[PDB]
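Note sheet for the following structure.
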Amino acid sequence: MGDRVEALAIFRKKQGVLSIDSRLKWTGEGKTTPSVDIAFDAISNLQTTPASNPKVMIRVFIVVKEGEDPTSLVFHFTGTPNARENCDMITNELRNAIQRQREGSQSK
């Protein structure tokens, strides 16, 4: 909500739109259902490409959202025309909103 940012990326050889609305939601190509729906409470941290890299990507480290186990997902913006710019847009709002939830969930 407001943190809504879009950037398509390749998730497990799937090139779809990566969206951010309180919950990090990535969706595959030609799909109405999100393939990566993980809330910020299930995002412990993430690693993104250092900008100066042809293979622009976004990696997310998932905390265990009751129901599964801790995992790490990768969204390759490498196959995206605006990989880095959207990657930054995603990462910045993503990381900001992810921590934003932590502010009211944990003491720090």
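For the structure tokens, the naming scheme is as follows: chains receive sequential letters (A, B, ...) according to their order of presentation, residues are indexed from 1 within each chain, and ligands are indexed from 1 in presentation order.
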For this session: Would you mind listing what lies within 7 Å of range 4-6 of chain A as a ChimeraX atom specification, with only C-alpha atoms counted and same-chain residues fewer than 2 positions away left out?
Result: /A:1-2,8,17-21,89-90
Next, dump the selected residues to file, keeping only N, CA and C atoms, as a short mmCIF file (atom, residue, chain, number, x, y, z; two decimals), in the first residue's frame.
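Saved as out-v7.cif:
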```cif
data_model
loop_
_atom_site.label_atom_id
_atom_site.label_comp_id
_atom_site.auth_asym_id
_atom_site.auth_seq_id
_atom_site.Cartn_x
_atom_site.Cartn_y
_atom_site.Cartn_z
N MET A 1 0.85 -1.22 0.00
CA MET A 1 0.00 0.00 0.00
C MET A 1 0.87 1.25 0.00
N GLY A 2 1.13 1.78 -1.19
CA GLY A 2 1.97 2.95 -1.31
C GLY A 2 3.38 2.56 -1.68
N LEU A 8 9.74 -6.61 -13.40
CA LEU A 8 9.72 -8.02 -13.73
C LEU A 8 11.10 -8.61 -13.57
N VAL A 17 6.39 -10.40 -13.30
CA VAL A 17 6.44 -9.11 -12.63
C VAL A 17 6.66 -9.25 -11.13
N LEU A 18 7.62 -8.50 -10.60
CA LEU A 18 7.89 -8.48 -9.18
C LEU A 18 7.21 -7.25 -8.59
N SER A 19 6.23 -7.44 -7.74
CA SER A 19 5.50 -6.33 -7.15
C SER A 19 5.71 -6.26 -5.63
N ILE A 20 5.55 -5.07 -5.05
CA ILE A 20 5.77 -4.88 -3.61
C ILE A 20 4.61 -4.14 -2.92
N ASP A 21 3.79 -4.86 -2.16
CA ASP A 21 2.72 -4.20 -1.40
C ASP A 21 2.58 -4.82 -0.01
N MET A 89 14.51 0.46 -7.34
CA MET A 89 13.17 0.88 -6.94
C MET A 89 12.53 -0.18 -6.05
N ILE A 90 12.63 -1.44 -6.48
CA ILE A 90 12.10 -2.56 -5.71
C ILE A 90 12.83 -2.66 -4.38
#
```
For this session: With a distance cut-off of 12 Å and only C-alpha atoms, select the neighbouring residues of range 31-42 of chain A, excluding the residue or stretch itself and same-chain residues fewer than 5 positions from it, and output the selection as JSON, numbers by chain.
Result: {"A": [3, 9, 10, 11, 12, 13, 14, 15, 16, 17, 18, 19, 20, 21, 22, 23, 24, 25, 26, 59, 60, 61, 62, 63, 64, 65, 66, 67, 68, 69, 70, 71, 72, 73, 74, 75, 93, 94, 95, 96, 97, 98, 99, 100, 101, 102, 103, 104, 105, 106]}
Quick one: contact table of range 67-101 of chain A to range 49-55 of chain A, 8 Å max, nearest atom pair and distance in Å to one decimal per residue, counting only C-alpha atoms, chain and number order, as JSON lines?
```
{"residue": "A:76", "atom": "CA", "partner": "A:55", "partner_atom": "CA", "distance": 7.2}
{"residue": "A:77", "atom": "CA", "partner": "A:55", "partner_atom": "CA", "distance": 7.2}
{"residue": "A:78", "atom": "CA", "partner": "A:55", "partner_atom": "CA", "distance": 4.5}
{"residue": "A:84", "atom": "CA", "partner": "A:51", "partner_atom": "CA", "distance": 6.0}
```
Any chance you could export the current selection's N, CA and C atoms as a short mmCIF file (atom, residue, chain, number, x, y, z; two decimals), in the first residue's frame?
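Saved the output as result-v9.cif:
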```
data_model
loop_
_atom_site.label_atom_id
_atom_site.label_comp_id
_atom_site.auth_asym_id
_atom_site.auth_seq_id
_atom_site.Cartn_x
_atom_site.Cartn_y
_atom_site.Cartn_z
N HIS A 76 15.84 -12.70 -11.03
CA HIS A 76 16.84 -12.17 -11.94
C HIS A 76 16.23 -11.10 -12.85
N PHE A 77 16.69 -9.88 -12.71
CA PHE A 77 16.20 -8.79 -13.54
C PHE A 77 17.05 -8.74 -14.81
N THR A 78 17.98 -9.68 -14.89
CA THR A 78 18.90 -9.80 -16.01
C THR A 78 18.18 -9.84 -17.36
N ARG A 84 18.25 -2.81 -13.48
CA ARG A 84 18.88 -2.08 -12.37
C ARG A 84 18.00 -0.99 -11.77
#
```
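Here CA of residue 92 in chain A is placed at a distance of 12.3 Å from CA of residue 7 in chain A.
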Exercise. Hey, can you check how far CA of residue 82 in chain A sits from CA of residue 48 in chain A?
Worked result: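 Distance between the two atoms: 14.5 Å.
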Run DSSP on the backbone and tell me which residues of chain A come out as helix (DSSP H, G or I); list them as a compact mmCIF listing (two decimals) with N, CA and C atoms, in the first residue's frame.
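Output file result-v3.txt follows:
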```
# COMPACT_ATOMS: atom_id res chain seq x y z
N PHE A 40 6.62 -9.22 4.62
CA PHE A 40 7.85 -8.68 5.20
C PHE A 40 8.22 -9.33 6.53
N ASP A 41 7.26 -10.02 7.13
CA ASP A 41 7.48 -10.71 8.38
C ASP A 41 8.20 -12.01 8.09
N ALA A 42 8.19 -12.37 6.81
CA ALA A 42 8.82 -13.56 6.32
C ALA A 42 10.03 -13.19 5.47
N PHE A 77 16.69 -9.88 -12.71
CA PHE A 77 16.20 -8.79 -13.54
C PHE A 77 17.05 -8.74 -14.81
N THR A 78 17.98 -9.68 -14.89
CA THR A 78 18.90 -9.80 -16.01
C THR A 78 18.18 -9.84 -17.36
N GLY A 79 16.97 -10.38 -17.37
CA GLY A 79 16.20 -10.46 -18.60
C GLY A 79 15.18 -9.34 -18.68
N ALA A 83 16.28 -3.56 -15.62
CA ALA A 83 16.70 -4.39 -14.49
C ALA A 83 17.20 -3.60 -13.29
N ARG A 84 18.25 -2.81 -13.48
CA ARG A 84 18.88 -2.08 -12.37
C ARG A 84 18.00 -0.99 -11.77
N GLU A 85 17.39 -0.19 -12.61
CA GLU A 85 16.56 0.91 -12.15
C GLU A 85 15.35 0.39 -11.39
N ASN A 86 14.71 -0.63 -11.92
CA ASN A 86 13.57 -1.21 -11.25
C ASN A 86 14.03 -2.00 -10.04
N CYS A 87 15.20 -2.63 -10.16
CA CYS A 87 15.78 -3.39 -9.06
C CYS A 87 15.96 -2.48 -7.86
N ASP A 88 16.55 -1.30 -8.10
CA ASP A 88 16.77 -0.33 -7.04
C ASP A 88 15.43 0.10 -6.45
N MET A 89 14.51 0.46 -7.34
CA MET A 89 13.17 0.88 -6.94
C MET A 89 12.53 -0.18 -6.05
N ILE A 90 12.63 -1.44 -6.48
CA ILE A 90 12.10 -2.56 -5.71
C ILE A 90 12.83 -2.66 -4.38
N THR A 91 14.14 -2.88 -4.45
CA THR A 91 14.99 -3.05 -3.27
C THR A 91 14.80 -1.95 -2.23
N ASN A 92 14.90 -0.70 -2.67
CA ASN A 92 14.77 0.44 -1.77
C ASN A 92 13.44 0.41 -1.02
N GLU A 93 12.32 0.36 -1.75
CA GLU A 93 11.01 0.34 -1.11
C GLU A 93 10.82 -0.97 -0.35
N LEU A 94 11.25 -2.07 -0.95
CA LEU A 94 11.15 -3.39 -0.35
C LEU A 94 11.84 -3.40 1.01
N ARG A 95 13.14 -3.15 1.00
CA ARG A 95 13.94 -3.15 2.23
C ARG A 95 13.40 -2.15 3.25
N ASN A 96 12.98 -0.98 2.77
CA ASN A 96 12.44 0.05 3.64
C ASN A 96 11.14 -0.40 4.29
N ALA A 97 10.24 -0.94 3.49
CA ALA A 97 8.96 -1.41 4.00
C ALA A 97 9.14 -2.66 4.86
N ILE A 98 10.07 -3.54 4.47
CA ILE A 98 10.33 -4.75 5.24
C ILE A 98 10.74 -4.37 6.67
N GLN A 99 11.69 -3.45 6.77
CA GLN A 99 12.16 -2.99 8.07
C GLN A 99 11.07 -2.19 8.77
N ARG A 100 10.28 -1.48 7.98
CA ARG A 100 9.19 -0.66 8.50
C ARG A 100 8.22 -1.50 9.33
N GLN A 101 7.97 -2.73 8.89
CA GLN A 101 7.08 -3.61 9.63
C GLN A 101 7.78 -4.10 10.90
N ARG A 102 9.08 -4.33 10.79
CA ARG A 102 9.89 -4.80 11.91
C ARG A 102 9.87 -3.79 13.05
N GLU A 103 9.73 -2.51 12.71
CA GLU A 103 9.69 -1.44 13.70
C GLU A 103 8.56 -1.64 14.69
```
Exercise. In chain A, what's strand (DSSP E) per DSSP? Answer as number ranges by chain?
Worked result: A: 6-11, 15-20, 23-27, 34-39, 43-48, 57-62, 71-76
